[PDB]
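The file upload-v1.txt contains compact mmCIF, C-alpha atoms and all ligand atoms:
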# COMPACT_ATOMS: atom_id res chain seq x y z
CA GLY A 7 69.41 81.76 -55.75
CA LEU A 8 68.85 81.22 -52.03
CA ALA A 9 69.37 77.45 -52.36
CA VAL A 10 72.85 77.95 -53.77
CA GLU A 11 73.78 80.67 -51.27
CA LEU A 12 72.63 78.43 -48.37
CA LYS A 13 74.77 75.54 -49.59
CA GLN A 14 77.75 77.77 -50.29
CA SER A 15 77.56 79.63 -46.98
CA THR A 16 77.34 76.43 -44.92
CA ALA A 17 79.66 74.18 -46.96
CA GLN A 18 82.59 74.67 -44.65
CA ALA A 19 80.41 74.06 -41.58
CA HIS A 20 79.19 70.86 -43.20
CA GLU A 21 82.79 69.68 -43.72
CA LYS A 22 83.42 70.47 -40.06
CA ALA A 23 80.40 68.36 -39.09
CA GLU A 24 81.64 65.42 -41.16
CA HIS A 25 84.96 65.61 -39.36
CA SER A 26 83.48 65.78 -35.85
CA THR A 27 85.18 63.17 -33.66
CA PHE A 28 81.90 61.71 -32.45
CA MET A 29 80.11 61.57 -35.81
CA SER A 30 83.28 60.52 -37.66
CA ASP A 31 83.88 57.68 -35.19
CA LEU A 32 80.21 56.65 -35.41
CA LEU A 33 80.16 56.48 -39.20
CA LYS A 34 83.54 54.66 -39.38
CA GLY A 35 82.26 51.84 -37.15
CA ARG A 36 84.31 52.78 -34.09
CA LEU A 37 81.37 53.30 -31.72
CA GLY A 38 78.16 51.28 -31.66
CA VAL A 39 74.39 51.22 -31.61
CA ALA A 40 74.40 52.61 -28.08
CA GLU A 41 76.02 55.83 -29.28
CA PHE A 42 73.72 55.91 -32.29
CA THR A 43 70.79 55.62 -29.90
CA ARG A 44 72.12 58.49 -27.75
CA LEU A 45 72.30 60.59 -30.93
CA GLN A 46 68.76 59.71 -31.89
CA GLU A 47 67.53 60.54 -28.35
CA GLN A 48 69.04 64.03 -28.60
CA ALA A 49 67.57 64.32 -32.11
CA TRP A 50 64.12 63.44 -30.81
CA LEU A 51 64.44 66.37 -28.40
CA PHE A 52 65.44 68.92 -31.03
CA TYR A 53 63.13 67.62 -33.77
CA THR A 54 60.24 67.83 -31.30
CA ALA A 55 61.08 71.52 -30.76
CA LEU A 56 61.77 72.16 -34.42
CA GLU A 57 58.39 70.70 -35.39
CA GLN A 58 56.58 72.96 -32.95
CA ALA A 59 58.27 75.93 -34.65
CA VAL A 60 57.44 74.57 -38.08
CA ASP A 61 53.81 74.19 -36.99
CA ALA A 62 53.68 77.78 -35.78
CA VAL A 63 55.29 79.21 -38.88
CA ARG A 64 53.16 77.14 -41.23
CA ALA A 65 50.07 78.45 -39.44
CA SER A 66 51.27 82.05 -39.97
CA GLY A 67 51.18 81.56 -43.76
CA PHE A 68 54.92 81.73 -44.36
CA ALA A 69 56.70 79.16 -46.60
CA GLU A 70 53.70 76.83 -46.47
CA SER A 71 54.50 74.67 -49.47
CA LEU A 72 58.03 74.15 -48.08
CA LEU A 73 56.84 73.04 -44.65
CA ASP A 74 55.48 69.68 -45.73
CA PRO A 75 54.16 67.77 -42.69
CA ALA A 76 55.29 64.56 -44.33
CA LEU A 77 58.80 65.61 -43.27
CA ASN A 78 57.89 65.43 -39.56
CA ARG A 79 60.40 63.16 -37.82
CA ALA A 80 59.52 63.25 -34.11
CA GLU A 81 56.90 60.51 -34.08
CA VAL A 82 58.95 58.23 -36.33
CA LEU A 83 62.00 58.83 -34.15
CA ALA A 84 60.02 57.85 -31.07
CA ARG A 85 59.12 54.58 -32.72
CA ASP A 86 62.79 54.03 -33.67
CA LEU A 87 63.81 54.71 -30.07
CA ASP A 88 61.19 52.26 -28.73
CA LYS A 89 62.89 49.64 -30.91
CA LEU A 90 66.48 50.67 -30.18
CA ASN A 91 65.96 50.81 -26.41
CA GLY A 92 63.49 47.90 -26.16
CA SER A 93 60.72 49.88 -24.49
CA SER A 94 59.46 53.40 -24.08
CA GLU A 95 61.39 53.88 -20.81
CA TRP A 96 63.83 56.23 -22.59
CA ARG A 97 61.23 59.04 -22.42
CA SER A 98 61.77 59.51 -18.67
CA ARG A 99 65.46 58.70 -18.66
CA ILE A 100 66.63 61.08 -21.41
CA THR A 101 68.01 64.50 -20.69
CA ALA A 102 68.89 67.26 -23.10
CA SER A 103 72.61 67.85 -23.42
CA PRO A 104 73.82 71.42 -22.96
CA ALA A 105 74.00 71.66 -26.74
CA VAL A 106 70.42 70.54 -27.12
CA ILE A 107 69.24 72.97 -24.45
CA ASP A 108 70.61 75.88 -26.48
CA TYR A 109 69.28 74.49 -29.75
CA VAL A 110 65.80 73.83 -28.34
CA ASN A 111 65.74 77.26 -26.63
CA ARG A 112 66.45 78.92 -29.96
CA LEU A 113 63.80 76.84 -31.66
CA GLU A 114 61.28 77.87 -28.95
CA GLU A 115 62.20 81.54 -29.55
CA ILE A 116 61.59 81.09 -33.26
CA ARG A 117 58.29 79.34 -32.50
CA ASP A 118 57.04 82.02 -30.11
CA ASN A 119 58.25 84.90 -32.32
CA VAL A 120 56.82 83.10 -35.34
CA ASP A 121 60.06 83.96 -37.12
CA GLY A 122 59.57 82.54 -40.61
CA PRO A 123 62.99 83.24 -42.10
CA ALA A 124 64.79 81.78 -39.06
CA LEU A 125 62.56 78.70 -39.15
CA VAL A 126 63.23 78.09 -42.83
CA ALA A 127 66.98 78.18 -42.13
CA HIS A 128 66.55 75.47 -39.50
CA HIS A 129 64.24 73.46 -41.75
CA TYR A 130 66.85 73.47 -44.52
CA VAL A 131 69.72 72.51 -42.20
CA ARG A 132 67.88 69.51 -40.76
CA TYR A 133 65.43 68.19 -43.36
CA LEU A 134 67.37 68.79 -46.56
CA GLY A 135 70.33 67.18 -44.83
CA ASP A 136 68.23 64.19 -43.83
CA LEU A 137 66.78 63.83 -47.33
CA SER A 138 70.06 64.32 -49.07
CA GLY A 139 72.69 62.53 -46.95
CA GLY A 140 70.54 60.55 -44.50
CA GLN A 141 70.63 57.42 -46.64
CA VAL A 142 74.43 57.31 -46.21
CA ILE A 143 74.08 57.51 -42.45
CA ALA A 144 71.35 54.84 -42.41
CA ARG A 145 73.47 52.56 -44.59
CA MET A 146 76.44 52.84 -42.23
CA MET A 147 74.33 52.06 -39.18
CA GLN A 148 73.12 48.90 -40.94
CA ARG A 149 76.63 47.98 -42.17
CA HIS A 150 78.82 48.61 -39.15
CA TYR A 151 76.44 47.90 -36.28
CA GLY A 152 73.68 45.74 -37.77
CA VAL A 153 70.89 48.14 -36.92
CA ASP A 154 67.56 46.87 -38.25
CA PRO A 155 66.09 49.03 -41.02
CA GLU A 156 62.84 49.05 -39.05
CA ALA A 157 64.69 51.11 -36.40
CA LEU A 158 65.93 53.59 -39.05
CA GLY A 159 62.50 54.97 -39.85
CA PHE A 160 63.88 58.45 -39.28
CA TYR A 161 65.84 58.08 -42.52
CA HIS A 162 63.06 56.62 -44.67
CA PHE A 163 60.64 59.49 -45.43
CA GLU A 164 57.46 57.54 -45.79
CA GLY A 165 55.21 59.35 -48.23
CA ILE A 166 57.97 60.44 -50.63
CA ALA A 167 58.48 58.42 -53.78
CA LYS A 168 60.95 60.14 -56.14
CA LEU A 169 63.45 61.64 -53.70
CA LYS A 170 65.58 63.46 -56.26
CA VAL A 171 62.55 65.21 -57.62
CA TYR A 172 61.46 66.13 -54.07
CA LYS A 173 64.89 67.65 -53.35
CA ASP A 174 64.88 69.65 -56.57
CA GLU A 175 61.36 70.94 -55.76
CA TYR A 176 62.47 71.82 -52.18
CA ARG A 177 65.31 73.93 -53.60
CA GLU A 178 62.89 75.63 -56.05
CA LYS A 179 60.65 76.57 -53.12
CA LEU A 180 63.63 78.08 -51.30
CA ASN A 181 64.49 80.06 -54.40
CA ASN A 182 60.87 81.29 -54.73
CA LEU A 183 60.49 82.59 -51.16
CA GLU A 184 59.75 86.29 -50.86
CA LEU A 185 62.46 87.78 -48.61
CA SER A 186 63.76 91.28 -47.87
CA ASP A 187 67.49 91.80 -47.65
CA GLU A 188 67.14 91.88 -43.87
CA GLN A 189 65.14 88.62 -43.88
CA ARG A 190 67.59 86.92 -46.24
CA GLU A 191 70.58 88.01 -44.18
CA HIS A 192 68.79 86.80 -41.04
CA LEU A 193 67.99 83.44 -42.68
CA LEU A 194 71.61 82.95 -43.80
CA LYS A 195 73.01 83.81 -40.41
CA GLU A 196 70.52 81.47 -38.76
CA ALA A 197 71.55 78.59 -41.06
CA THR A 198 75.11 79.09 -39.89
CA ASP A 199 73.89 79.04 -36.32
CA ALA A 200 71.91 75.85 -37.03
CA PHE A 201 75.10 74.13 -38.12
CA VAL A 202 76.84 75.42 -35.00
CA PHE A 203 74.16 73.96 -32.73
CA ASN A 204 74.31 70.61 -34.57
CA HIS A 205 78.08 70.41 -34.34
CA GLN A 206 77.92 71.06 -30.60
CA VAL A 207 75.37 68.25 -30.20
CA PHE A 208 78.06 65.93 -31.61
CA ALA A 209 80.74 67.52 -29.42
CA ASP A 210 78.63 66.94 -26.30
CA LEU A 211 77.81 63.37 -27.34
CA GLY A 212 81.55 62.77 -27.58
CA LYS A 213 81.96 63.95 -23.97
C1 LIG A 301 75.73 68.42 -38.31
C2 LIG A 301 75.25 67.37 -38.99
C3 LIG A 301 74.87 67.51 -40.47
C4 LIG A 301 74.05 68.45 -40.92
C5 LIG A 301 73.28 69.58 -40.21
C6 LIG A 301 73.89 68.28 -42.35
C7 LIG A 301 73.19 69.02 -43.22
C8 LIG A 301 73.12 68.84 -44.57
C9 LIG A 301 72.44 69.61 -45.63
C10 LIG A 301 71.69 70.84 -45.18
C11 LIG A 301 72.58 69.12 -46.86
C12 LIG A 301 71.99 69.70 -48.15
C13 LIG A 301 73.05 70.55 -48.83
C14 LIG A 301 72.41 71.20 -50.01
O1 LIG A 301 72.20 70.47 -50.98
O2 LIG A 301 72.10 72.43 -49.97
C15 LIG A 301 73.37 67.98 -46.56
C16 LIG A 301 73.74 67.16 -47.68
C17 LIG A 301 74.52 66.07 -47.48
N1 LIG A 301 75.11 65.52 -46.34
FE1 LIG A 301 74.95 66.37 -44.52
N2 LIG A 301 74.68 67.20 -42.68
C18 LIG A 301 75.26 66.71 -41.64
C19 LIG A 301 76.12 65.65 -41.48
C20 LIG A 301 76.47 64.84 -42.52
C21 LIG A 301 77.38 63.71 -42.34
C22 LIG A 301 78.02 63.39 -41.06
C23 LIG A 301 77.47 63.18 -43.52
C24 LIG A 301 78.39 61.97 -43.62
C25 LIG A 301 77.80 60.96 -44.18
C26 LIG A 301 76.65 63.86 -44.43
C27 LIG A 301 76.52 63.58 -45.73
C28 LIG A 301 75.86 64.35 -46.64
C29 LIG A 301 75.78 64.19 -48.07
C30 LIG A 301 76.50 63.03 -48.83
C31 LIG A 301 74.94 65.25 -48.70
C32 LIG A 301 74.72 65.25 -50.22
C33 LIG A 301 75.73 66.16 -50.75
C34 LIG A 301 76.79 66.87 -50.14
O3 LIG A 301 77.66 66.04 -50.08
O4 LIG A 301 77.10 67.96 -49.67
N3 LIG A 301 76.06 64.90 -43.73
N4 LIG A 301 73.72 67.78 -45.28

Written as structure tokens, how would this file's structure read?
Ligand code: HEM
Amino acid sequence: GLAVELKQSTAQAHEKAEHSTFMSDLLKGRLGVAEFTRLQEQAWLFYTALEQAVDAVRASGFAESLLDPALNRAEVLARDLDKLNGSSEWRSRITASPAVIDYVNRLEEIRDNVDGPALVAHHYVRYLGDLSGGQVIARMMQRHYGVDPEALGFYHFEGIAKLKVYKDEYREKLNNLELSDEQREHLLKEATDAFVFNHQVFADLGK
């Protein structure tokens, strides 16, 4: 099934992400809320782009049931950032890191090409990760740095009750997508690239 092949083909990349110096240090308590806020600022940039691509692909009629708007993170992230930074001044201060420029550019290509299989790869890499492991990240930000849960809205998924069920249903939708061999290969390759972009975001944050 596609859900298994996605997980298997990116498992090593996921381990690599876990072991990133920046993200590792953040989750171990060695950094602080400032660095967490820098991460979330970069995330706002790439989630904004991702959600434009999701919107385009949803409108095309591809993977509709998968592309649940309840998953949208950009607006929630903006509210988190208003809290983390104390005002909305971050909007004019923030700049996309080189990593984020590449990631956003790719997302804009997917949006404008209305490339459904590529979009689904990106959707899986970000949202299933958020749904599945986000609670661990949120917990660590609360534990090590005292971040208020009200500033961790990104991790909450308002609108979803039974999360396990939601995850299982998400995987079933992946498995039920109609894809050619070319589309499936493209989707798998793109998921790998999605991990690569996300790792580099961490690498750039560390610099
Ligand atoms: C580059 C950043 C990361 C990305 C893109 C990402 C992506 C993903 C994805 C796509 C899944 C779903 C796997 C599947 O069930 O098919 C996932 C699960 C998960 N993630 Fe991440 N993840 C990242 C970083 C992390 C970090 C740093 C942690 C450390 C807390 C973490 C903890 C988990 C956990 C616990 C799961 C549930 C199961 C599993 O362990 O593999 N993730 N992540």

Given only C-alpha atoms and all ligand atoms, how would the per-residue table for chain A near ligand LIG 301 (chain A) read, listing every residue at most 9 Å away with its closest atom pair and distance in Å to one decimal, sorted by chain and number, as JSON lines?
{"residue": "A:9", "atom": "CA", "partner": "A:LIG301", "partner_atom": "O2", "distance": 6.2}
{"residue": "A:10", "atom": "CA", "partner": "A:LIG301", "partner_atom": "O2", "distance": 6.7}
{"residue": "A:11", "atom": "CA", "partner": "A:LIG301", "partner_atom": "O2", "distance": 8.5}
{"residue": "A:12", "atom": "CA", "partner": "A:LIG301", "partner_atom": "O2", "distance": 6.2}
{"residue": "A:13", "atom": "CA", "partner": "A:LIG301", "partner_atom": "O2", "distance": 4.1}
{"residue": "A:14", "atom": "CA", "partner": "A:LIG301", "partner_atom": "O2", "distance": 7.8}
{"residue": "A:16", "atom": "CA", "partner": "A:LIG301", "partner_atom": "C10", "distance": 8.0}
{"residue": "A:17", "atom": "CA", "partner": "A:LIG301", "partner_atom": "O4", "distance": 7.3}
{"residue": "A:19", "atom": "CA", "partner": "A:LIG301", "partner_atom": "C1", "distance": 8.0}
{"residue": "A:20", "atom": "CA", "partner": "A:LIG301", "partner_atom": "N2", "distance": 5.8}
{"residue": "A:21", "atom": "CA", "partner": "A:LIG301", "partner_atom": "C20", "distance": 8.1}
{"residue": "A:22", "atom": "CA", "partner": "A:LIG301", "partner_atom": "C1", "distance": 8.1}
{"residue": "A:23", "atom": "CA", "partner": "A:LIG301", "partner_atom": "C1", "distance": 4.7}
{"residue": "A:24", "atom": "CA", "partner": "A:LIG301", "partner_atom": "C22", "distance": 4.2}
{"residue": "A:25", "atom": "CA", "partner": "A:LIG301", "partner_atom": "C22", "distance": 7.5}
{"residue": "A:26", "atom": "CA", "partner": "A:LIG301", "partner_atom": "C22", "distance": 7.9}
{"residue": "A:29", "atom": "CA", "partner": "A:LIG301", "partner_atom": "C22", "distance": 5.9}
{"residue": "A:30", "atom": "CA", "partner": "A:LIG301", "partner_atom": "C22", "distance": 6.9}
{"residue": "A:33", "atom": "CA", "partner": "A:LIG301", "partner_atom": "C25", "distance": 7.1}
{"residue": "A:128", "atom": "CA", "partner": "A:LIG301", "partner_atom": "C10", "distance": 9.0}
{"residue": "A:129", "atom": "CA", "partner": "A:LIG301", "partner_atom": "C10", "distance": 8.6}
{"residue": "A:130", "atom": "CA", "partner": "A:LIG301", "partner_atom": "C10", "distance": 5.5}
{"residue": "A:131", "atom": "CA", "partner": "A:LIG301", "partner_atom": "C10", "distance": 3.9}
{"residue": "A:132", "atom": "CA", "partner": "A:LIG301", "partner_atom": "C5", "distance": 5.4}
{"residue": "A:133", "atom": "CA", "partner": "A:LIG301", "partner_atom": "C10", "distance": 7.0}
{"residue": "A:134", "atom": "CA", "partner": "A:LIG301", "partner_atom": "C12", "distance": 5.0}
{"residue": "A:135", "atom": "CA", "partner": "A:LIG301", "partner_atom": "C8", "distance": 3.3}
{"residue": "A:136", "atom": "CA", "partner": "A:LIG301", "partner_atom": "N4", "distance": 6.7}
{"residue": "A:137", "atom": "CA", "partner": "A:LIG301", "partner_atom": "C16", "distance": 7.7}
{"residue": "A:138", "atom": "CA", "partner": "A:LIG301", "partner_atom": "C16", "distance": 4.9}
{"residue": "A:139", "atom": "CA", "partner": "A:LIG301", "partner_atom": "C28", "distance": 3.7}
{"residue": "A:140", "atom": "CA", "partner": "A:LIG301", "partner_atom": "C27", "distance": 6.8}
{"residue": "A:141", "atom": "CA", "partner": "A:LIG301", "partner_atom": "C25", "distance": 8.4}
{"residue": "A:142", "atom": "CA", "partner": "A:LIG301", "partner_atom": "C25", "distance": 5.4}
{"residue": "A:143", "atom": "CA", "partner": "A:LIG301", "partner_atom": "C25", "distance": 5.4}
{"residue": "A:146", "atom": "CA", "partner": "A:LIG301", "partner_atom": "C25", "distance": 8.5}
{"residue": "A:173", "atom": "CA", "partner": "A:LIG301", "partner_atom": "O1", "distance": 8.2}
{"residue": "A:177", "atom": "CA", "partner": "A:LIG301", "partner_atom": "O2", "distance": 7.8}
{"residue": "A:197", "atom": "CA", "partner": "A:LIG301", "partner_atom": "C10", "distance": 8.8}
{"residue": "A:200", "atom": "CA", "partner": "A:LIG301", "partner_atom": "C5", "distance": 7.2}
{"residue": "A:201", "atom": "CA", "partner": "A:LIG301", "partner_atom": "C5", "distance": 5.3}
{"residue": "A:202", "atom": "CA", "partner": "A:LIG301", "partner_atom": "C1", "distance": 7.8}
{"residue": "A:203", "atom": "CA", "partner": "A:LIG301", "partner_atom": "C1", "distance": 8.0}
{"residue": "A:204", "atom": "CA", "partner": "A:LIG301", "partner_atom": "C1", "distance": 4.6}
{"residue": "A:205", "atom": "CA", "partner": "A:LIG301", "partner_atom": "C1", "distance": 5.0}
{"residue": "A:206", "atom": "CA", "partner": "A:LIG301", "partner_atom": "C1", "distance": 8.4}
{"residue": "A:207", "atom": "CA", "partner": "A:LIG301", "partner_atom": "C1", "distance": 8.1}
{"residue": "A:208", "atom": "CA", "partner": "A:LIG301", "partner_atom": "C1", "distance": 7.5}

Ref. answer, residues at most 12 Å from (56.0, 81.5, -44.7) with only C-alpha atoms, as a compact mmCIF listing (two decimals) with C-alpha atoms, in the frame of the given file:
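Below is the file that was written, out14.txt:
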# COMPACT_ATOMS: atom_id res chain seq x y z
CA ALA A 59 58.27 75.93 -34.65
CA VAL A 60 57.44 74.57 -38.08
CA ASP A 61 53.81 74.19 -36.99
CA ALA A 62 53.68 77.78 -35.78
CA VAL A 63 55.29 79.21 -38.88
CA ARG A 64 53.16 77.14 -41.23
CA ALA A 65 50.07 78.45 -39.44
CA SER A 66 51.27 82.05 -39.97
CA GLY A 67 51.18 81.56 -43.76
CA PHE A 68 54.92 81.73 -44.36
CA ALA A 69 56.70 79.16 -46.60
CA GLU A 70 53.70 76.83 -46.47
CA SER A 71 54.50 74.67 -49.47
CA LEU A 72 58.03 74.15 -48.08
CA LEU A 73 56.84 73.04 -44.65
CA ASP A 74 55.48 69.68 -45.73
CA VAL A 120 56.82 83.10 -35.34
CA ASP A 121 60.06 83.96 -37.12
CA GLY A 122 59.57 82.54 -40.61
CA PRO A 123 62.99 83.24 -42.10
CA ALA A 124 64.79 81.78 -39.06
CA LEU A 125 62.56 78.70 -39.15
CA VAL A 126 63.23 78.09 -42.83
CA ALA A 127 66.98 78.18 -42.13
CA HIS A 129 64.24 73.46 -41.75
CA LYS A 179 60.65 76.57 -53.12
CA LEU A 180 63.63 78.08 -51.30
CA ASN A 182 60.87 81.29 -54.73
CA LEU A 183 60.49 82.59 -51.16
CA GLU A 184 59.75 86.29 -50.86
CA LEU A 185 62.46 87.78 -48.61
CA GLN A 189 65.14 88.62 -43.88

Given the choices A:84, A:52, A:181, A:47, which gets closest to residue 105 of chain A if the distance is worked out from all atoms listed in the file?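 Ranking A:84, A:52, A:181, A:47 by distance to residue 105 of chain A, first place goes to A:52.
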
The residue from A:145, A:85, A:150, A:79 with the smallest atom-to-atom distance to residue 58 of chain A, counting only C-alpha atoms, is A:79

d(atom CA of residue 178 of chain A, atom CA of residue 75 of chain A) in Å: 17.8 Å

For segment 31-57 of chain A, supply N, CA and C atoms and report the output as a PDB file, keeping the file's coordinate frame.
ATOM      1  N   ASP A  31      83.711  58.980 -35.823  1.00  0.00           N
ATOM      2  CA  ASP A  31      83.880  57.680 -35.190  1.00  0.00           C
ATOM      3  C   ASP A  31      82.635  56.809 -35.377  1.00  0.00           C
ATOM      4  N   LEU A  32      81.445  57.399 -35.255  1.00  0.00           N
ATOM      5  CA  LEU A  32      80.210  56.650 -35.410  1.00  0.00           C
ATOM      6  C   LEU A  32      80.112  56.075 -36.806  1.00  0.00           C
ATOM      7  N   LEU A  33      80.324  56.919 -37.816  1.00  0.00           N
ATOM      8  CA  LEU A  33      80.160  56.480 -39.200  1.00  0.00           C
ATOM      9  C   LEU A  33      81.228  55.521 -39.699  1.00  0.00           C
ATOM     10  N   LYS A  34      82.408  55.550 -39.066  1.00  0.00           N
ATOM     11  CA  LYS A  34      83.540  54.660 -39.380  1.00  0.00           C
ATOM     12  C   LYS A  34      83.430  53.304 -38.691  1.00  0.00           C
ATOM     13  N   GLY A  35      82.431  53.113 -37.838  1.00  0.00           N
ATOM     14  CA  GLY A  35      82.260  51.840 -37.150  1.00  0.00           C
ATOM     15  C   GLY A  35      82.975  51.718 -35.823  1.00  0.00           C
ATOM     16  N   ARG A  36      83.507  52.817 -35.307  1.00  0.00           N
ATOM     17  CA  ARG A  36      84.310  52.780 -34.090  1.00  0.00           C
ATOM     18  C   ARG A  36      83.504  52.864 -32.803  1.00  0.00           C
ATOM     19  N   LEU A  37      82.213  53.173 -32.896  1.00  0.00           N
ATOM     20  CA  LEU A  37      81.370  53.300 -31.720  1.00  0.00           C
ATOM     21  C   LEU A  37      80.395  52.134 -31.741  1.00  0.00           C
ATOM     22  N   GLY A  38      79.098  52.368 -31.656  1.00  0.00           N
ATOM     23  CA  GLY A  38      78.160  51.280 -31.660  1.00  0.00           C
ATOM     24  C   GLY A  38      76.740  51.776 -31.655  1.00  0.00           C
ATOM     25  N   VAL A  39      75.794  50.855 -31.613  1.00  0.00           N
ATOM     26  CA  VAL A  39      74.390  51.220 -31.610  1.00  0.00           C
ATOM     27  C   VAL A  39      73.997  52.040 -30.389  1.00  0.00           C
ATOM     28  N   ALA A  40      74.675  51.819 -29.263  1.00  0.00           N
ATOM     29  CA  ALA A  40      74.400  52.610 -28.080  1.00  0.00           C
ATOM     30  C   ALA A  40      74.587  54.099 -28.396  1.00  0.00           C
ATOM     31  N   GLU A  41      75.707  54.446 -29.023  1.00  0.00           N
ATOM     32  CA  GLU A  41      76.020  55.830 -29.280  1.00  0.00           C
ATOM     33  C   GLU A  41      75.059  56.372 -30.338  1.00  0.00           C
ATOM     34  N   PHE A  42      74.721  55.531 -31.305  1.00  0.00           N
ATOM     35  CA  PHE A  42      73.720  55.910 -32.290  1.00  0.00           C
ATOM     36  C   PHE A  42      72.403  56.203 -31.601  1.00  0.00           C
ATOM     37  N   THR A  43      72.030  55.397 -30.617  1.00  0.00           N
ATOM     38  CA  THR A  43      70.790  55.620 -29.900  1.00  0.00           C
ATOM     39  C   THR A  43      70.818  56.906 -29.092  1.00  0.00           C
ATOM     40  N   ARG A  44      71.964  57.222 -28.480  1.00  0.00           N
ATOM     41  CA  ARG A  44      72.120  58.490 -27.750  1.00  0.00           C
ATOM     42  C   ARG A  44      71.926  59.675 -28.721  1.00  0.00           C
ATOM     43  N   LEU A  45      72.500  59.561 -29.914  1.00  0.00           N
ATOM     44  CA  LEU A  45      72.300  60.590 -30.930  1.00  0.00           C
ATOM     45  C   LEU A  45      70.821  60.762 -31.258  1.00  0.00           C
ATOM     46  N   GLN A  46      70.136  59.658 -31.495  1.00  0.00           N
ATOM     47  CA  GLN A  46      68.760  59.710 -31.890  1.00  0.00           C
ATOM     48  C   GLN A  46      67.861  60.254 -30.761  1.00  0.00           C
ATOM     49  N   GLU A  47      68.249  60.003 -29.514  1.00  0.00           N
ATOM     50  CA  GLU A  47      67.530  60.540 -28.350  1.00  0.00           C
ATOM     51  C   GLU A  47      67.647  62.068 -28.337  1.00  0.00           C
ATOM     52  N   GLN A  48      68.852  62.596 -28.515  1.00  0.00           N
ATOM     53  CA  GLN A  48      69.040  64.030 -28.600  1.00  0.00           C
ATOM     54  C   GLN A  48      68.259  64.582 -29.815  1.00  0.00           C
ATOM     55  N   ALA A  49      68.317  63.881 -30.941  1.00  0.00           N
ATOM     56  CA  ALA A  49      67.570  64.320 -32.110  1.00  0.00           C
ATOM     57  C   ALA A  49      66.076  64.378 -31.834  1.00  0.00           C
ATOM     58  N   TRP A  50      65.548  63.401 -31.110  1.00  0.00           N
ATOM     59  CA  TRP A  50      64.120  63.440 -30.810  1.00  0.00           C
ATOM     60  C   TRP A  50      63.780  64.733 -30.066  1.00  0.00           C
ATOM     61  N   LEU A  51      64.644  65.135 -29.148  1.00  0.00           N
ATOM     62  CA  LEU A  51      64.440  66.370 -28.400  1.00  0.00           C
ATOM     63  C   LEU A  51      64.404  67.576 -29.305  1.00  0.00           C
ATOM     64  N   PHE A  52      65.412  67.729 -30.162  1.00  0.00           N
ATOM     65  CA  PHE A  52      65.440  68.920 -31.030  1.00  0.00           C
ATOM     66  C   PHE A  52      64.461  68.882 -32.206  1.00  0.00           C
ATOM     67  N   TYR A  53      64.166  67.710 -32.762  1.00  0.00           N
ATOM     68  CA  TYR A  53      63.130  67.620 -33.770  1.00  0.00           C
ATOM     69  C   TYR A  53      61.754  67.916 -33.186  1.00  0.00           C
ATOM     70  N   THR A  54      61.506  67.506 -31.947  1.00  0.00           N
ATOM     71  CA  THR A  54      60.240  67.830 -31.300  1.00  0.00           C
ATOM     72  C   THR A  54      60.089  69.351 -31.256  1.00  0.00           C
ATOM     73  N   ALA A  55      61.135  70.056 -30.833  1.00  0.00           N
ATOM     74  CA  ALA A  55      61.080  71.520 -30.760  1.00  0.00           C
ATOM     75  C   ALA A  55      60.991  72.135 -32.152  1.00  0.00           C
ATOM     76  N   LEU A  56      61.801  71.627 -33.090  1.00  0.00           N
ATOM     77  CA  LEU A  56      61.770  72.160 -34.420  1.00  0.00           C
ATOM     78  C   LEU A  56      60.362  72.055 -35.010  1.00  0.00           C
ATOM     79  N   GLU A  57      59.698  70.923 -34.801  1.00  0.00           N
ATOM     80  CA  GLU A  57      58.390  70.700 -35.390  1.00  0.00           C
ATOM     81  C   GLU A  57      57.289  71.578 -34.777  1.00  0.00           C
TER      82      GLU A  57
END
